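Colleague: Contents of structure-v1.tsv (TSV, C-alpha atoms and all ligand atoms) are given next:
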chain	number	residue	atom	x	y	z
A	1	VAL	CA	55.34	124.18	75.98
A	2	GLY	CA	52.42	121.81	76.76
A	3	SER	CA	50.69	122.54	73.41
A	4	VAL	CA	54.04	121.86	71.60
A	5	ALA	CA	54.25	118.40	73.31
A	6	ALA	CA	50.53	117.86	72.43
A	7	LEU	CA	51.11	118.81	68.73
A	8	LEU	CA	54.18	116.50	68.57
A	9	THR	CA	52.28	113.50	70.10
A	10	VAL	CA	49.31	113.94	67.67
A	11	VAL	CA	51.62	114.36	64.59
A	12	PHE	CA	53.81	111.39	65.72
A	13	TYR	CA	50.73	109.14	66.10
A	14	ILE	CA	49.11	110.25	62.78
A	15	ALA	CA	52.43	109.66	60.92
A	16	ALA	CA	52.86	106.21	62.58
A	17	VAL	CA	49.29	105.29	61.43
A	18	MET	CA	50.17	106.57	57.86
A	19	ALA	CA	53.52	104.61	57.78
A	20	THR	CA	51.94	101.24	58.91
A	21	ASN	CA	49.51	101.50	55.97
A	22	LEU	CA	52.08	102.69	53.42
A	23	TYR	CA	55.15	100.48	54.13
A	24	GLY	CA	53.82	97.88	56.60
A	25	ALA	CA	53.28	95.12	54.02
A	26	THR	CA	56.62	95.60	52.17
A	27	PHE	CA	58.78	96.51	55.25
A	28	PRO	CA	57.06	94.59	58.18
A	29	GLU	CA	60.09	94.73	60.54
A	30	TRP	CA	60.12	98.58	60.49
A	31	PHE	CA	56.39	99.32	59.90
A	32	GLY	CA	54.47	95.99	60.41
A	33	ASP	CA	52.30	97.37	63.23
A	34	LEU	CA	51.66	100.73	64.97
A	35	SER	CA	54.27	99.92	67.74
A	36	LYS	CA	57.06	99.03	65.21
A	37	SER	CA	56.19	102.28	63.23
A	38	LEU	CA	56.26	104.58	66.35
A	39	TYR	CA	59.73	103.12	67.23
A	40	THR	CA	61.04	103.62	63.60
A	41	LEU	CA	59.66	107.21	63.36
A	42	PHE	CA	61.37	108.04	66.73
A	43	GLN	CA	64.71	106.76	65.24
A	44	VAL	CA	64.07	108.72	61.98
A	45	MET	CA	63.47	111.85	64.16
A	46	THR	CA	66.87	111.34	65.94
A	47	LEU	CA	68.29	111.13	62.33
A	48	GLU	CA	69.84	107.73	63.12
A	49	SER	CA	70.37	105.73	59.86
A	50	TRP	CA	67.28	107.45	58.38
A	51	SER	CA	68.53	107.36	54.80
A	52	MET	CA	71.06	104.46	54.51
A	53	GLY	CA	69.20	102.24	57.01
A	54	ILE	CA	65.53	103.11	56.33
A	55	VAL	CA	64.46	105.51	53.47
A	56	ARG	CA	66.91	104.41	50.65
A	57	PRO	CA	65.78	100.68	51.12
A	58	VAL	CA	62.12	101.85	51.27
A	59	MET	CA	62.51	103.97	48.04
A	60	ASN	CA	63.60	100.82	46.06
A	61	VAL	CA	59.93	99.59	46.40
A	62	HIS	CA	58.20	103.05	46.86
A	63	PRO	CA	60.22	105.65	44.81
A	64	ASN	CA	58.36	108.64	46.33
A	65	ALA	CA	58.84	107.59	50.03
A	66	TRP	CA	60.93	110.82	50.49
A	67	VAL	CA	57.62	112.87	50.20
A	68	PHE	CA	56.64	111.35	53.59
A	69	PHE	CA	60.02	111.11	55.41
A	70	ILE	CA	61.79	114.39	54.48
A	71	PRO	CA	58.74	116.59	55.55
A	72	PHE	CA	58.36	114.33	58.67
A	73	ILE	CA	62.04	115.02	59.60
A	74	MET	CA	61.75	118.79	58.88
A	75	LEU	CA	58.60	119.03	61.09
A	76	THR	CA	59.44	116.79	64.15
A	77	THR	CA	63.12	117.95	64.44
A	78	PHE	CA	61.95	121.64	64.37
A	79	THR	CA	59.10	120.90	66.88
A	80	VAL	CA	61.54	119.04	69.28
A	81	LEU	CA	64.03	121.98	69.03
A	82	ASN	CA	61.10	124.40	69.74
A	83	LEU	CA	60.01	122.13	72.66
A	84	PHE	CA	63.47	121.82	74.34
A	85	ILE	CA	64.11	125.61	74.01
A	86	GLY	CA	60.54	126.19	75.33
A	87	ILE	CA	61.24	124.29	78.61
A	88	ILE	CA	64.65	126.08	79.13
A	89	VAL	CA	63.11	129.58	78.47
A	90	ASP	CA	60.13	128.87	80.85
A	91	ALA	CA	62.56	127.61	83.57
A	92	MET	CA	64.46	130.97	83.56
B	1	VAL	CA	75.26	124.46	85.79
B	2	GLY	CA	77.23	122.40	88.36
B	3	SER	CA	74.05	120.68	89.67
B	4	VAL	CA	73.08	119.85	86.00
B	5	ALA	CA	76.52	118.13	85.51
B	6	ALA	CA	76.01	116.39	88.91
B	7	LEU	CA	72.48	115.16	87.94
B	8	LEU	CA	73.80	113.90	84.55
B	9	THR	CA	76.75	111.98	86.13
B	10	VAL	CA	74.45	110.31	88.76
B	11	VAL	CA	71.78	109.38	86.10
B	12	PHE	CA	74.51	108.14	83.68
B	13	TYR	CA	76.06	105.93	86.41
B	14	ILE	CA	72.66	104.55	87.64
B	15	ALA	CA	71.67	103.71	84.02
B	16	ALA	CA	75.09	102.04	83.36
B	17	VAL	CA	74.57	99.90	86.51
B	18	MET	CA	70.97	99.04	85.27
B	19	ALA	CA	72.22	98.16	81.71
B	20	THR	CA	75.06	95.80	82.95
B	21	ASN	CA	72.41	93.82	84.89
B	22	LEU	CA	69.79	93.85	82.12
B	23	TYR	CA	71.79	93.13	78.94
B	24	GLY	CA	75.28	92.23	80.23
B	25	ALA	CA	74.79	88.46	79.92
B	26	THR	CA	73.20	88.51	76.43
B	27	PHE	CA	75.22	91.47	74.98
B	28	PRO	CA	78.65	91.23	76.85
B	29	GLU	CA	80.58	93.35	74.27
B	30	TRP	CA	78.25	96.37	74.83
B	31	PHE	CA	77.19	95.81	78.49
B	32	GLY	CA	79.49	93.04	79.94
B	33	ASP	CA	80.83	95.29	82.74
B	34	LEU	CA	80.20	98.80	84.12
B	35	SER	CA	83.04	100.29	81.91
B	36	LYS	CA	81.66	98.76	78.64
B	37	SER	CA	78.10	100.01	79.66
B	38	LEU	CA	79.25	103.64	80.42
B	39	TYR	CA	80.99	103.73	76.97
B	40	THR	CA	77.85	102.32	75.16
B	41	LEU	CA	75.44	104.70	76.99
B	42	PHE	CA	77.72	107.69	76.02
B	43	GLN	CA	77.44	106.56	72.33
B	44	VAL	CA	73.63	106.09	72.70
B	45	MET	CA	73.48	109.67	74.13
B	46	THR	CA	75.39	111.04	71.06
B	47	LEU	CA	72.68	109.15	69.01
B	48	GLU	CA	75.41	107.24	67.13
B	49	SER	CA	74.01	103.90	65.78
B	50	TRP	CA	71.64	103.75	68.78
B	51	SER	CA	68.87	101.92	66.95
B	52	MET	CA	70.48	99.98	64.02
B	53	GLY	CA	73.71	99.24	65.92
B	54	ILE	CA	72.49	98.78	69.52
B	55	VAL	CA	68.72	98.80	70.45
B	56	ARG	CA	67.22	96.85	67.44
B	57	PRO	CA	69.76	93.91	68.07
B	58	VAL	CA	69.02	94.15	71.85
B	59	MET	CA	65.17	94.08	71.22
B	60	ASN	CA	65.47	90.72	69.35
B	61	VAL	CA	66.34	89.10	72.76
B	62	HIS	CA	64.60	91.70	75.09
B	63	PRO	CA	61.48	93.03	73.19
B	64	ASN	CA	60.86	95.84	75.74
B	65	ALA	CA	64.45	97.25	75.70
B	66	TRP	CA	62.98	100.50	74.20
B	67	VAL	CA	61.39	101.26	77.69
B	68	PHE	CA	64.99	101.80	78.95
B	69	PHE	CA	66.72	103.36	75.88
B	70	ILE	CA	64.09	105.82	74.51
B	71	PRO	CA	63.55	107.50	78.00
B	72	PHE	CA	67.38	107.41	78.50
B	73	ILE	CA	67.86	109.31	75.19
B	74	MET	CA	65.01	111.81	75.95
B	75	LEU	CA	66.53	112.57	79.40
B	76	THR	CA	70.34	112.73	78.77
B	77	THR	CA	70.06	114.63	75.40
B	78	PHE	CA	67.75	117.24	77.09
B	79	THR	CA	70.11	117.47	80.15
B	80	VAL	CA	73.23	117.89	77.87
B	81	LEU	CA	71.39	120.63	75.85
B	82	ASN	CA	70.42	122.31	79.20
B	83	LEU	CA	74.08	121.95	80.37
B	84	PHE	CA	75.76	123.38	77.20
B	85	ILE	CA	73.29	126.35	77.10
B	86	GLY	CA	73.89	126.81	80.88
B	87	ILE	CA	77.68	127.30	80.39
B	88	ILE	CA	77.17	129.72	77.40
B	89	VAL	CA	74.55	131.83	79.34
B	90	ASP	CA	76.79	132.00	82.50
C	1	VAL	CA	83.88	134.64	68.02
C	2	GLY	CA	87.29	134.94	66.29
C	3	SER	CA	89.17	133.60	69.36
C	4	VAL	CA	86.69	130.63	69.51
C	5	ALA	CA	87.52	129.77	65.83
C	6	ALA	CA	91.25	130.23	66.68
C	7	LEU	CA	91.01	127.90	69.75
C	8	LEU	CA	89.12	125.28	67.66
C	9	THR	CA	91.72	125.36	64.80
C	10	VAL	CA	94.67	124.99	67.26
C	11	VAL	CA	92.94	122.13	69.24
C	12	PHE	CA	91.88	120.40	65.96
C	13	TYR	CA	95.46	120.53	64.61
C	14	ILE	CA	97.09	119.40	67.92
C	15	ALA	CA	94.61	116.46	68.17
C	16	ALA	CA	95.24	115.48	64.49
C	17	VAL	CA	99.03	115.47	65.22
C	18	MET	CA	98.37	113.31	68.39
C	19	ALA	CA	96.08	110.85	66.45
C	20	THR	CA	98.59	110.30	63.54
C	21	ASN	CA	101.22	109.25	66.12
C	22	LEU	CA	98.87	107.13	68.25
C	23	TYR	CA	96.79	105.21	65.65
C	24	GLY	CA	98.55	105.97	62.35
C	25	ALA	CA	100.53	102.72	62.18
C	26	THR	CA	97.64	100.40	63.19
C	27	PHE	CA	94.80	102.33	61.41
C	28	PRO	CA	96.59	103.97	58.36
C	29	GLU	CA	93.37	104.61	56.35
C	30	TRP	CA	91.89	106.80	59.14
C	31	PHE	CA	95.11	108.21	60.72
C	32	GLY	CA	98.03	107.37	58.31
C	33	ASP	CA	98.99	111.03	57.79
C	34	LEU	CA	98.00	114.48	59.15
C	35	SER	CA	95.46	115.01	56.26
C	36	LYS	CA	93.69	111.62	56.83
C	37	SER	CA	93.59	112.41	60.65
C	38	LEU	CA	92.12	115.97	60.21
C	39	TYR	CA	89.37	114.44	57.96
C	40	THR	CA	88.61	111.62	60.53
C	41	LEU	CA	88.55	114.05	63.52
C	42	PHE	CA	86.10	116.32	61.56
C	43	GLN	CA	83.80	113.24	61.06
C	44	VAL	CA	84.21	112.27	64.78
C	45	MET	CA	83.19	115.88	65.67
C	46	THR	CA	79.99	115.59	63.52
C	47	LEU	CA	79.39	112.32	65.55
C	48	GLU	CA	79.13	110.33	62.30
C	49	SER	CA	79.97	106.62	62.95
C	50	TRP	CA	82.38	107.72	65.72
C	51	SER	CA	81.90	104.62	67.85
C	52	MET	CA	80.75	101.76	65.51
C	53	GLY	CA	82.85	102.98	62.56
C	54	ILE	CA	85.98	104.39	64.27
C	55	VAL	CA	86.54	104.12	68.11
C	56	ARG	CA	85.21	100.53	68.79
C	57	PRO	CA	87.57	99.12	65.98
C	58	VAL	CA	90.43	101.30	67.35
C	59	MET	CA	89.83	100.05	70.99
C	60	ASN	CA	90.37	96.39	69.86
C	61	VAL	CA	94.11	97.30	69.37
C	62	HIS	CA	94.30	100.30	71.85
C	63	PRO	CA	91.83	99.57	74.76
C	64	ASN	CA	92.13	103.11	76.21
C	65	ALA	CA	91.45	104.98	72.89
C	66	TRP	CA	88.25	106.39	74.55
C	67	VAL	CA	90.53	108.63	76.79
C	68	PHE	CA	91.41	110.56	73.58
C	69	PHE	CA	88.11	110.45	71.60
C	70	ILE	CA	85.43	111.02	74.29
C	71	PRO	CA	87.18	114.23	75.68
C	72	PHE	CA	87.84	115.30	72.02
C	73	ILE	CA	84.08	114.98	71.26
C	74	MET	CA	83.04	116.77	74.51
C	75	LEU	CA	85.43	119.68	73.74
C	76	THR	CA	84.99	120.27	69.93
C	77	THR	CA	81.15	119.76	69.94
C	78	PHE	CA	80.83	122.30	72.85
C	79	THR	CA	83.26	124.76	71.11
C	80	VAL	CA	81.34	124.48	67.75
C	81	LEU	CA	78.00	125.06	69.61
C	82	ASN	CA	79.63	128.09	71.38
C	83	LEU	CA	80.98	129.30	67.97
C	84	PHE	CA	77.66	129.01	66.01
C	85	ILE	CA	75.70	130.73	68.86
C	86	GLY	CA	78.50	133.38	69.01
C	87	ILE	CA	78.01	134.37	65.31
C	88	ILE	CA	74.15	134.49	65.67
C	89	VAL	CA	74.34	136.63	68.90
C	90	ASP	CA	76.91	139.06	67.30
C	91	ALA	CA	74.70	139.37	64.14
C	92	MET	CA	71.71	140.59	66.25
D	1	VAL	CA	63.97	134.33	58.20
D	2	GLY	CA	62.51	134.25	54.65
D	3	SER	CA	65.82	135.39	53.08
D	4	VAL	CA	67.65	132.63	55.10
D	5	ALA	CA	65.27	129.98	53.61
D	6	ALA	CA	65.80	131.61	50.15
D	7	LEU	CA	69.64	131.52	50.53
D	8	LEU	CA	69.50	127.86	51.68
D	9	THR	CA	67.28	126.77	48.72
D	10	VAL	CA	69.55	128.56	46.15
D	11	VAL	CA	72.78	127.11	47.72
D	12	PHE	CA	71.18	123.61	47.98
D	13	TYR	CA	70.14	123.72	44.29
D	14	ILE	CA	73.54	125.09	43.05
D	15	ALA	CA	75.39	122.36	45.06
D	16	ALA	CA	73.02	119.62	43.71
D	17	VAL	CA	73.77	120.84	40.13
D	18	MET	CA	77.58	120.81	40.97
D	19	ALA	CA	77.38	117.26	42.51
D	20	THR	CA	75.49	115.71	39.49
D	21	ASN	CA	78.31	116.96	37.21
D	22	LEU	CA	81.16	115.98	39.54
D	23	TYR	CA	80.16	112.50	40.82
D	24	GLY	CA	77.11	111.60	38.70
D	25	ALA	CA	79.03	109.37	36.27
D	26	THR	CA	81.06	107.48	38.93
D	27	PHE	CA	78.35	107.40	41.69
D	28	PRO	CA	75.00	107.30	39.67
D	29	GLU	CA	72.89	105.95	42.60
D	30	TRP	CA	73.76	108.98	44.80
D	31	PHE	CA	74.31	111.70	42.12
D	32	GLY	CA	73.01	110.27	38.76
D	33	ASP	CA	70.47	113.08	38.26
D	34	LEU	CA	69.47	116.36	39.98
D	35	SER	CA	66.70	114.55	42.04
D	36	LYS	CA	69.10	111.82	43.37
D	37	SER	CA	71.69	114.64	44.21
D	38	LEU	CA	69.14	116.85	46.11
D	39	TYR	CA	68.13	113.76	48.19
D	40	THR	CA	71.82	112.83	48.93
D	41	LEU	CA	72.79	116.45	49.84
D	42	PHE	CA	69.76	116.62	52.24
D	43	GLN	CA	71.07	113.41	53.96
D	44	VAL	CA	74.66	114.85	54.03
D	45	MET	CA	73.19	118.01	55.68
D	46	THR	CA	71.46	115.87	58.40
D	47	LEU	CA	75.00	114.32	58.88
D	48	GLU	CA	73.57	110.83	58.29
D	49	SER	CA	76.33	108.44	57.04
D	50	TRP	CA	78.03	111.42	55.32
D	51	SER	CA	81.55	110.08	55.71
D	52	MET	CA	81.33	106.24	56.00
D	53	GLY	CA	78.35	105.96	53.64
D	54	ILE	CA	79.01	108.74	51.09
D	55	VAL	CA	82.27	110.85	51.14
D	56	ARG	CA	84.89	108.11	52.01
D	57	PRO	CA	83.59	105.90	49.03
D	58	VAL	CA	83.52	109.04	46.80
D	59	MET	CA	87.15	110.01	47.83
D	60	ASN	CA	88.47	106.59	46.62
D	61	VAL	CA	87.71	107.78	43.01
D	62	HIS	CA	87.90	111.62	43.62
D	63	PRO	CA	90.57	112.22	46.39
D	64	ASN	CA	89.63	115.92	46.80
D	65	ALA	CA	85.83	115.35	47.23
D	66	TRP	CA	86.20	116.71	50.84
D	67	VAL	CA	86.75	120.27	49.31
D	68	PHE	CA	83.06	120.13	48.23
D	69	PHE	CA	81.42	118.16	51.12
D	70	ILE	CA	83.12	119.60	54.26
D	71	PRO	CA	82.37	123.30	53.23
D	72	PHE	CA	78.83	122.16	52.16
D	73	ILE	CA	78.26	120.69	55.68
D	74	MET	CA	79.77	123.77	57.45
D	75	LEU	CA	77.51	126.13	55.42
D	76	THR	CA	74.09	124.32	55.31
D	77	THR	CA	74.21	123.11	58.99
D	78	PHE	CA	75.02	126.71	60.14
D	79	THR	CA	72.27	128.16	57.83
D	80	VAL	CA	69.66	125.58	59.13
D	81	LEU	CA	70.65	126.41	62.78
D	82	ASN	CA	70.31	130.17	61.91
D	83	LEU	CA	66.92	129.42	60.23
D	84	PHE	CA	65.40	127.33	63.10
D	85	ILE	CA	66.54	129.92	65.73
D	86	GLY	CA	65.16	132.67	63.42
D	87	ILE	CA	61.62	131.17	63.45
D	88	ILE	CA	61.68	130.62	67.29
D	89	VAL	CA	62.93	134.23	67.96
D	90	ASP	CA	60.28	135.76	65.57
E	1	NA	NA	74.79	107.77	62.14
E	2	NA	NA	74.15	110.43	63.35
E	3	NA	NA	73.19	114.43	65.17
E	4	NA	NA	75.34	105.46	61.09
Represent the structure from my file as structure tokens, please.
Ligand code: NA
Ligand code: NA
Ligand code: NA
Ligand code: NA

Modeller:
Amino acid sequence: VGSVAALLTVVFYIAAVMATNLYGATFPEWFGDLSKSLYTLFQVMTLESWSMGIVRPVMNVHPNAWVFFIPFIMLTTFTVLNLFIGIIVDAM
Amino acid sequence: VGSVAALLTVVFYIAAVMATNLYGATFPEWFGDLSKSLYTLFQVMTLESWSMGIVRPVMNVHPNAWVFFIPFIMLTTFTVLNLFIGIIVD
Amino acid sequence: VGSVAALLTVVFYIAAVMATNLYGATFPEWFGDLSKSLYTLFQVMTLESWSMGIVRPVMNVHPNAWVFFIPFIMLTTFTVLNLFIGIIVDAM
Amino acid sequence: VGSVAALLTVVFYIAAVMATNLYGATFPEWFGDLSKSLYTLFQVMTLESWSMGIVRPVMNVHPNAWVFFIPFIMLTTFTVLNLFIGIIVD
């Protein structure tokens, strides 16, 4: 439960560092600094406008942006699901 | 199960009171009164257009709005998940 | 499991009948006929653009539209969750 | 768990082949090639803008497009839920 939250924080920070470098110059409102990137990757994790709002516009400059975002989604969404179930199971 | 629904209603009302005060003047369509706020925070909880539709436009006036909305999402979505599982288990 | 799918079909049809009558005249693209309504209520159940795309525009003509849509969401989303878990539990 | 991931990959590929043929000519940005189709069907599976962004605009050319997309959603979202629970249980 604690290790799951620790793995998610580390992965979320590493990805936000990676995103700032990759799309920061071309998409500064979404990835211009670490803070902007952490906020965008939280939104992407909630699946809110991830494709129409973020990744499709990013792919028009970086055609392989999906190699970062789709595995990011698949990982964080599974980890969050594993985390929330983990708290509920430990409570019972 | 009942206490979970009670905790969620209290938290949802407190947050709706907080939102009306914070962004009611600058965003009156989404937070102009308690009723408008309760409706918006229900939408934010369902994750529908929370960032592109609500929080990014709010952050252009209030840059720290994320300190209210991200913890609100993390709390209510976990509580709802705990509530729905609670009914199914019982 | 079967009764859950039966309850969901009945509720989904009743709601689609209710919506066609309520918002069909003022929002004919989303609720103009039973077929259009069933499609919109399926979208509303998946939570896709339910508020920005459907219910906020509907509330500008019908201010109490939320009395129909919010309880519809709370019911169908809980029933679907109960249905999907029901199949998985019965399979094991 | 492995067979669930195998069933999902096969179904996802078959559907992406089907979509390219069906709406590739009329919607080339979303279904112009197998790669574009696989990306769109992943988005549709996450429920992101599936109706307002994809299926409503597709239905204005192909009125029965819902016969492909609604069953696609019902299948893949159930399979993914079955997959994620499968890993956690194991
Ligand atoms: Na959305
Ligand atoms: Na969504
Ligand atoms: Na969702
Ligand atoms: Na959206």

Colleague: Using only C-alpha atoms and all ligand atoms, I'd like a table of the residues in chain B that come within 10 Å of ligand NA 2 (chain E); for each, show the closest atom pair and its distance in Å rounded to one decimal, ordered by chain and ascending number, as a Markdown table.

Modeller:
| residue | atom | partner | partner_atom | distance |
| --- | --- | --- | --- | --- |
| B:46 | CA | E:NA2 | NA | 7.8 |
| B:47 | CA | E:NA2 | NA | 6.0 |
| B:48 | CA | E:NA2 | NA | 5.1 |
| B:49 | CA | E:NA2 | NA | 7.0 |
| B:50 | CA | E:NA2 | NA | 9.0 |

Colleague: Using only C-alpha atoms and all ligand atoms, find each residue with an atom at most 12 Å away from ligand NA 1 (chain E) and format the answer as a VMD selection string.

Modeller: (chain A and resid 43 to 44 46 to 54) or (chain B and resid 43 to 44 46 to 54) or (chain C and resid 43 to 44 46 to 54) or (chain D and resid 43 to 44 46 to 54)

Colleague: Go ahead and save the picked residues with C-alpha atoms, as a JSON list (two decimals), in the frame of the given file.

Modeller:
[["chain", "number", "residue", "atom", "x", "y", "z"],
["A", 43, "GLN", "CA", 64.71, 106.76, 65.24],
["A", 44, "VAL", "CA", 64.07, 108.72, 61.98],
["A", 46, "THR", "CA", 66.87, 111.34, 65.94],
["A", 47, "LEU", "CA", 68.29, 111.13, 62.33],
["A", 48, "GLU", "CA", 69.84, 107.73, 63.12],
["A", 49, "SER", "CA", 70.37, 105.73, 59.86],
["A", 50, "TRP", "CA", 67.28, 107.45, 58.38],
["A", 51, "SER", "CA", 68.53, 107.36, 54.80],
["A", 52, "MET", "CA", 71.06, 104.46, 54.51],
["A", 53, "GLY", "CA", 69.20, 102.24, 57.01],
["A", 54, "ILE", "CA", 65.53, 103.11, 56.33],
["B", 43, "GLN", "CA", 77.44, 106.56, 72.33],
["B", 44, "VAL", "CA", 73.63, 106.09, 72.70],
["B", 46, "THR", "CA", 75.39, 111.04, 71.06],
["B", 47, "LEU", "CA", 72.68, 109.15, 69.01],
["B", 48, "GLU", "CA", 75.41, 107.24, 67.13],
["B", 49, "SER", "CA", 74.01, 103.90, 65.78],
["B", 50, "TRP", "CA", 71.64, 103.75, 68.78],
["B", 51, "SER", "CA", 68.87, 101.92, 66.95],
["B", 52, "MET", "CA", 70.48, 99.98, 64.02],
["B", 53, "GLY", "CA", 73.71, 99.24, 65.92],
["B", 54, "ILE", "CA", 72.49, 98.78, 69.52],
["C", 43, "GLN", "CA", 83.80, 113.24, 61.06],
["C", 44, "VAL", "CA", 84.21, 112.27, 64.78],
["C", 46, "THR", "CA", 79.99, 115.59, 63.52],
["C", 47, "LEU", "CA", 79.39, 112.32, 65.55],
["C", 48, "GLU", "CA", 79.13, 110.33, 62.30],
["C", 49, "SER", "CA", 79.97, 106.62, 62.95],
["C", 50, "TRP", "CA", 82.38, 107.72, 65.72],
["C", 51, "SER", "CA", 81.90, 104.62, 67.85],
["C", 52, "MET", "CA", 80.75, 101.76, 65.51],
["C", 53, "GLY", "CA", 82.85, 102.98, 62.56],
["C", 54, "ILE", "CA", 85.98, 104.39, 64.27],
["D", 43, "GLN", "CA", 71.07, 113.41, 53.96],
["D", 44, "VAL", "CA", 74.66, 114.85, 54.03],
["D", 46, "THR", "CA", 71.46, 115.87, 58.40],
["D", 47, "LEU", "CA", 75.00, 114.32, 58.88],
["D", 48, "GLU", "CA", 73.57, 110.83, 58.29],
["D", 49, "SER", "CA", 76.33, 108.44, 57.04],
["D", 50, "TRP", "CA", 78.03, 111.42, 55.32],
["D", 51, "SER", "CA", 81.55, 110.08, 55.71],
["D", 52, "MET", "CA", 81.33, 106.24, 56.00],
["D", 53, "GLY", "CA", 78.35, 105.96, 53.64],
["D", 54, "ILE", "CA", 79.01, 108.74, 51.09]]

Colleague: For each of B:57, B:17, B:77, B:4, take the minimum atom-to-atom distance to ligand NA 3 (chain E), counting all atoms listed in the file, then give the residue where this is smallest.

Modeller: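 Counting all atoms listed in the file, the residue closest to ligand NA 3 (chain E) is B:77.
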
Colleague: For chain A, list the residues within 12 Å of chain D, counting only C-alpha atoms, and write the list as a VMD selection string.

Modeller: chain A and resid 43 to 56 59 to 60 63 to 67 69 to 71 73 to 75 77 to 86 89

Colleague: Quick one: distance from atom CA of residue 4 of chain C to atom CA of residue 42 of chain C in Å, one decimal?

Modeller: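 The value is 16.4 Å.
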
Colleague: Out of B:67, B:22, B:1, B:45, which residue has the shortest atom-to-atom distance to ligand NA 3 (chain E) when counting all atoms listed in the file?

Modeller: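 For ligand NA 3 (chain E), the nearest of the candidates is B:45.
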
Colleague: Would you compute the distance between atom CA of residue 39 of chain A and atom CA of residue 24 of chain B? Give it in Å to one decimal.

Modeller: 23.0 Å

Colleague: Find the spatial neighbours of residue 68 of chain B, counting only C-alpha atoms, within a cut-off of 12 Å - ignore same-chain residues fewer than 3 positions away - and output them as a VMD selection string.

Modeller: chain B and resid 14 to 16 18 to 19 22 to 23 41 44 55 58 to 59 62 to 65 71 to 75

Colleague: Can you work out the spacing between atom CA of residue 79 of chain B and atom CA of residue 8 of chain B in Å, to one decimal?

Modeller: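 We find that atom CA of residue 79 of chain B and atom CA of residue 8 of chain B lie 6.8 Å from each other.
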
Colleague: Using only C-alpha atoms, which protein or nucleic acid residues come within 12 Å of residue 32 of chain A? Drop anything in the same chain fewer than 5 positions from it, and give the result as a PyMOL selection string.

Modeller: chain A and resi 16-27+37-40

Colleague: Please supply segment 26-36 of chain C, rebuilt with N, CA, C and O atoms, as a compact mmCIF listing (two decimals), in the frame of the given file.

Modeller:
# COMPACT_ATOMS: atom_id res chain seq x y z
N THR C 26 98.60 101.50 63.02
CA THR C 26 97.64 100.40 63.19
C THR C 26 96.33 100.63 62.44
O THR C 26 95.63 99.66 62.13
N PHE C 27 95.99 101.90 62.15
CA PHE C 27 94.80 102.33 61.41
C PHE C 27 95.21 103.38 60.33
O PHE C 27 94.76 104.53 60.38
N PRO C 28 96.09 102.99 59.35
CA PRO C 28 96.59 103.97 58.36
C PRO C 28 95.56 104.62 57.41
O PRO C 28 95.86 105.67 56.84
N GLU C 29 94.38 104.00 57.21
CA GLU C 29 93.37 104.61 56.35
C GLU C 29 92.70 105.81 57.02
O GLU C 29 92.43 106.80 56.36
N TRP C 30 92.52 105.73 58.36
CA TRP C 30 91.89 106.80 59.14
C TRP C 30 92.88 107.78 59.74
O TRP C 30 92.51 108.94 59.94
N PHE C 31 94.12 107.33 60.07
CA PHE C 31 95.11 108.21 60.72
C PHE C 31 96.55 108.13 60.19
O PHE C 31 97.46 108.65 60.84
N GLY C 32 96.73 107.56 58.99
CA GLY C 32 98.03 107.37 58.31
C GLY C 32 98.91 108.58 58.07
O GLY C 32 100.11 108.43 57.90
N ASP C 33 98.31 109.75 57.97
CA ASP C 33 98.99 111.03 57.79
C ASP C 33 98.15 112.13 58.41
O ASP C 33 97.01 111.87 58.83
N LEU C 34 98.71 113.35 58.55
CA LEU C 34 98.00 114.48 59.15
C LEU C 34 96.66 114.78 58.45
O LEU C 34 95.66 114.96 59.14
N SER C 35 96.64 114.75 57.09
CA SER C 35 95.46 115.01 56.26
C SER C 35 94.31 114.03 56.53
O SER C 35 93.20 114.46 56.83
N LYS C 36 94.62 112.71 56.50
CA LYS C 36 93.69 111.62 56.83
C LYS C 36 93.09 111.81 58.24
O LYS C 36 91.88 111.66 58.40
